[PDB]
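[1] please work out how this folds:
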Amino acid sequence: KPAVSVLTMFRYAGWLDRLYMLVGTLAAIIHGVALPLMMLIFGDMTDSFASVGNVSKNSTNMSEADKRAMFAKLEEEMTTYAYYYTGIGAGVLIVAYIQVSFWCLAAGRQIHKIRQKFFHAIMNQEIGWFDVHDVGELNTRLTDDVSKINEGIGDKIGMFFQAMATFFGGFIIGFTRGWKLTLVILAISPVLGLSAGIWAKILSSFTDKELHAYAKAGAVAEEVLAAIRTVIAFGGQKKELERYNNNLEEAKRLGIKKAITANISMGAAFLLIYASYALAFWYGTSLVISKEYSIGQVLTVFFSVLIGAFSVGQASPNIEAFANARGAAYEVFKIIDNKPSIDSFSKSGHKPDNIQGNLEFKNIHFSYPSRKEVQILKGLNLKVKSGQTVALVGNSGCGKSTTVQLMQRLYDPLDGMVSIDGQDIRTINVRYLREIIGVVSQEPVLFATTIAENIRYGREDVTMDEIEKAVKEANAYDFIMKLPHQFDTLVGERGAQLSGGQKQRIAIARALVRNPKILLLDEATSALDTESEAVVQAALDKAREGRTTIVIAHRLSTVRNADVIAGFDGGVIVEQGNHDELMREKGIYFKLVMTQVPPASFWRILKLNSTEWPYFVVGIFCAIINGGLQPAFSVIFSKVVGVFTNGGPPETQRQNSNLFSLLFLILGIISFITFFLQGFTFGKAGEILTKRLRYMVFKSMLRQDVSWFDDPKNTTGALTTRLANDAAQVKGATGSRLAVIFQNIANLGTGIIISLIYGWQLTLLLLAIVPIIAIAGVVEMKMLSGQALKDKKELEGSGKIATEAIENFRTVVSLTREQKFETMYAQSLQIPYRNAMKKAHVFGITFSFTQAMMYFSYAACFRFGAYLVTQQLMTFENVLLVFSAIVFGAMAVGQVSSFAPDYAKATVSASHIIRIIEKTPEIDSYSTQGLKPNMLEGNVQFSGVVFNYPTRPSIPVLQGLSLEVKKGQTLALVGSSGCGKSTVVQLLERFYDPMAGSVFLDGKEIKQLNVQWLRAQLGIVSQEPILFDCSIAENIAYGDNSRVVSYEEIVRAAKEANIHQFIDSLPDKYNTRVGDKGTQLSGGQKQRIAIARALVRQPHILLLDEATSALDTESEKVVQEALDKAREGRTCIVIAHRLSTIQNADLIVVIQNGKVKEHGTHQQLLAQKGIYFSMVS
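    Numbers count the residues shown, from 1 in each chain. The relevant structure is shown in the block below.
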């Protein structure tokens, strides 16, 4: 993936933007080295407390001469340390405004010139360049890839040099003070990167196997939703639900393995982080015991190295943001640097006046550059004498339109020469050229502006008086005048749609305004019917009067009155002459003329997973433990420094600092066990909830009727997505988020409680400014997203002008209006440009005031905290403990509330799951309430049934349809397409209810008989039968659900469908997998399986719907024999398409407009000599 050099990317900066980028980079380095200085003054603050700490305790613990010398020393030293803390934050307030504003002001002034030069280069392209390049991706390149550059050269460079100054300056302070513990952290640095790097890929390794585990269940569900008409008509709802539930166990058992492994993967690196941290504090405590370092020398280099090691993680997104900006600028700068051979914006060529319009084509050859493997013109020669009209004829797309594109000079011919008045048209400039040429296309492009402006597009200075004259002359004036806002009416894409005749005359009026000396018209007389075209023809004839004209003629009447005709065949004029001459020639032309928000609440989600109590009970308890343990790690950190600040001999310091080093690993064993116990109980709760919800929705999806599945919104792809996405996004909000919140409720709970009993003064200061810092972290996300919605609304006005000019480029290049849309694109960009110089002002203030309140609160914490030490109210270890336990418990509740909006993604997924389960269908298939008699006649009767489809209830399909089928007889339904032949079969099924009328079976209302026992006595033979991925034995046995049926019952049925002999010689015979996975069966073979399935069921009624619709002549007769067999003693309804087949049917119904126009036996309907007779003939 290519990119640009870095010197070529900033070529639109200028010497003022170079000033902005360098001063902002200087402030980026100043702000980056600020935090290494913050840990330097922090370490010197601890050394001043430790030097007066051990002296005041090891000799004269409470005195007067000892009290006056150390507390007055602290009041002068901590004032100087607080002068340094405010001095950084006051300097950062000036600096952190500069580093982002100057880099976003330089990015805003560059991109604003990049957008104008990109769109100027697009209008400067060739038209053959638009043929080889896709125009849909080009209009989106002007919107997407320009935003990719502005991310790269914006504030992301000022934050990159901010991170690199903390990488170097954090390591400079880490080396120029200690240079020994720094090598210890750099030795354990590859151990921590390998621990989090070898388990992040194993976590993605079990992810792709978990997606492979569910993929067998989603393929089963997609097999049933695509076979929804076949799974309903056989009653296989409880069978396919069990196949989906037997496959749901695989994604639950592997989801347990995905839950056990992903907590061992998290817990092992969580232990190895604590192993290297406790070692880097046990090594730091063994060098202050050895009296090489102090307690402030170790704390300075331990933080500034870790801050410098963390700076490489906050700079790698800005490296990829700069590399993606260079990769996006490679295609953009390629268009700006592209200089064409046809420069549309050039003022170069000649300008001849007094053009009489002599036209000459000489030996023209031409090839389009999107298909260069053929020639369009092969020696095309022709003169147009001044003021004459020339009509071009010959078959569609033979080269006629090609001529008009060459006379526009919209391509550059290879061989030959095009001249106007003896002068090569390639030696004047294109804009003067096209000004002299009026193009009337086949279809006219009208722009979304007023009628006055669309006409004025031909020549922008024309007065409205002169406009009025042209609409008259073009014959469009009276039609425009019959409107309320006539010349101000807005035409195209937004306004009133004009007819074809009226649209073309506007183009004619536009061309009149241009008043050219040459006219080019292509397929003008073919936009609509002769009613509209005739007025246009009068107006065409007007526009031509005394102009040299080339017309691509489609209508014979247009061609006959022309002054000269050219006859084209294969690029070559085979004959040319007047009308009478060409008739005499009897060539091509002569041949022509004769031939011619959600409803789901929190209590509804909790009620689903309420069946498993004790996995939640261990889960809430372990998060309270791990939440309560989190301030306890700041306790052991406060007691390690508390040893070397209170005072003691350097032989109890070994046994005290080796006790606290083991206390990290006492908690480190507990925090590893309580993290596995937290994630196993919630992980099993997340995979129980995913399997149980997918079972209940797929049960409620199989209980619906067929009218629910005919909806365009409830397609089979959108149904398996809701079954997969919305049911897996509920385990991402129950197990993972409750473990996090109950930790932070216990973290900010106990971390306040531990800090309160270790001093009530400093907690009230920290718990007052932390919500002020946390509110400022929220308002900065609402003003950034608020300015993002304001800027993206003002940028769509400019992008609408680019969309209208790029999509209609073939029309705007013939009107010489590339400069007009470029100025409109520039004038629409002034309001986003004024908001861009203000956006850097807003980006600078919110970034400066966040870090100002981050350093002034650090100043106010230790200016108030040092006053608590000098009055003997707080130990320095207690000031450290109140500080460390609060800011880690508040970082827990502050970062998670920005991550907490996943609940809104889950409640709208829960409401989709709730509204599918709670939805009761119009026809409940699982209902046990029905008559269910023991009568096996199967008299079918439709009486006056009236029915409309629920998809489109505006078109009537069946009206007053009445017919009886007597026991054991066959009834055939026939008629024209869409008459409701198929519909009758679907109603006997009871796939839909009727609007009016009644459907009976043996005298009984089918709405009063159980749907299961209706469909059990119905054999459905579909048009194109759906075969399931399964053995031949199971697919056939599928017809008789809930029953013992074996190989014996399968084999007699397979005989009588005529497939036994093919099955018995096939490999693995009745076990052979068919479907998409298995051996592909022919069309004929597949349908007979559906027939065989109906035999096992042994119904008293047979529904046959347009079978034998294949193009296999012999197979059909094989099928038809098997079908004749199955019918002989069964009551049968066949939707008949093969007229010869319908000979042996008992009764035939001929349907017309929903009703029974006629009926009878075959012979009687023939002798009637009506509709049926017409069909069979």
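[2] and residue 698, what is it in contact with?
    Taking C-beta atoms under 8 Å, 6 or more residues apart in numbering as the criterion, residue 698 is in contact with 221, 241, 244, 723. For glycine as for every other residue, the C-beta is placed from the backbone atoms N, C-alpha and C.
[3] quick one, phi psi at the second one?
    Per-residue torsions, residue 241: phi -70, psi -30 (degrees, to the nearest 10).
[4] what count of nearby residues applies to it?
    Other residues within reach of residue 241, judged by other C-beta atoms under 10 Å, total 20.
[5] spatially nearest residue to it (excluding sequence neighbours)?
    If the residues on either side of it in the chain are set aside, residue 241 comes closest to residue 699, at 5.5 Å by C-beta to C-beta, 6 or more residues apart in numbering.
[6] now do the same contact list for the closest residue to residue 919 other than its chain neighbours.
    For residue 919, ignoring the flanking residues on the chain, the nearest one in space by C-beta to C-beta, 6+ apart is residue 700 at 6.9 Å. Under the criterion of C-beta under 8 Å, 6+ apart, the neighbours of residue 700 are 916-917, 919.
[7] wasn't residue 700 part of a helix?
    Yes: according to DSSP: H, G, I helix; E, B strand; the rest coil, residue 700 belongs to a helix.
[8] Three-state assignment for residue 314, please.
    coil.
[9] what do you get for residue 1156?
    Here residue 1156 is strand, with the state taken from three-state DSSP.
[10] the residue nearest to it when sequence neighbours are not counted and residue 1138: what is the separation?
    Sequence neighbours aside, residue 1149 is the residue nearest to residue 1156 in space, at 5.7 Å (criterion: C-beta to C-beta, 6+ apart). When distances are taken as C-beta to C-beta, to the nearest Å, residue 1149 and residue 1138 turn out to be 17 Å apart.
[11] ditto for residue 853
    As defined by C-beta to C-beta, residue 853 lies at a distance of 85 Å from residue 1138.
[12] ok, residue 380 touching residue 363?
    Yes: Residue 380 is within contact range of residue 363, at 7.4 Å (criterion: C-beta atoms under 8 Å).
[13] between those two, which contacts overlap?
    The contact sets of residue 380 and residue 363 overlap at residue 416 (C-beta under 8 Å, 6+ apart).
[14] now list the buried members of the contacts of residue 700.
    Burial of the contacts of residue 700 was assessed by neighbour count (16 or more other C-beta atoms under 10 Å); the buried members are residue 916.
[15] could you single out the nearest of the contacts of residue 700 to residue 672?
    For residue 672, the nearest member of these is residue 917. The distance, counting by C-beta to C-beta, is 40.0 Å.
[16] from what I see, that closest one and residue 701 are in contact.
    No: if you go by C-beta under 8 Å, residue 917 and residue 701 don't touch, sitting 9.4 Å apart.
[17] neighbour count winner among residue 380 and residue 363?
    More crowded of residue 380 and residue 363, by other C-beta under 10 Å: residue 380, with 24 against 13.
[18] for that one, helix, strand, or coil?
    Residue 380 falls in the strand class when you classify it by three-state DSSP.
[19] likewise residue 740?
    Secondary structure for residue 740, judged by three-state DSSP, is helix.
[20] distance of it from residue 900?
    Relative to residue 900, residue 740 is positioned 9 Å away (criterion: C-beta to C-beta).
[21] ok, which pair from the contacts of residue 698 is furthest apart?
    When those are compared pair by pair using C-beta to C-beta, the two farthest from each other are 241 and 723, 12.3 Å apart.
[22] the closest residue in space to residue 776 that isn't next to it in sequence and residue 744, how far apart?
    Taking C-beta to C-beta, 6+ apart, and ignoring the residues beside it in sequence, residue 776 has residue 850 as its nearest neighbour in space, at 5.9 Å. Spatial separation of residue 850 from residue 744 under the definition C-beta to C-beta is 22 Å.
[23] so the two - more neighbours on which side?
    Between residue 850 and residue 744, residue 744 has the larger neighbour count (other C-beta under 10 Å), namely 22 against 14.
[24] now the more buried one: closest residue in space that isn't a chain neighbour?
    On the basis of C-beta to C-beta, 6+ apart, the spatially nearest residue to residue 744 that is not a chain neighbour turns out to be residue 892, at 4.1 Å.
[25] returning to what we had before: and residue 740 and residue 900? Which one has more around it.
    When residue 740 and residue 900 are compared for neighbours, residue 740 comes out ahead with 17 against 14, by other C-beta under 10 Å.
[26] right, and the secondary structure at the residue nearest to residue 1156 would be what?
    Reducing the assignment at residue 1149 to three states with three-state DSSP gives strand.
[27] I'd say residue 476 and residue 539 touch.
    Yes: the criterion here is C-beta under 8 Å, and residue 476 meets it with residue 539 at 7.5 Å.
[28] buried residues in whichever helix or strand residue 146 is part of?
    Assignment of secondary structure by DSSP states H and E places residue 146 within helix 135-152. Buried residues in helix 135-152, counted by 16+ other C-beta under 10 Å: 138-139, 141-143, 145-146, 148-152.
[29] equivalent analysis for stretch 538-554, please.
    Within stretch 538-554, the residues that qualify as buried by neighbour count (16+ other C-beta under 10 Å) are 539-540, 543-544, 547-554.
[30] hmm, back to that, out of residue 1149 and residue 1138, which sits in the more crowded spot?
    Neighbours were counted for residue 1149 and for residue 1138 using other C-beta under 10 Å; residue 1149 has more, 24 against 14.
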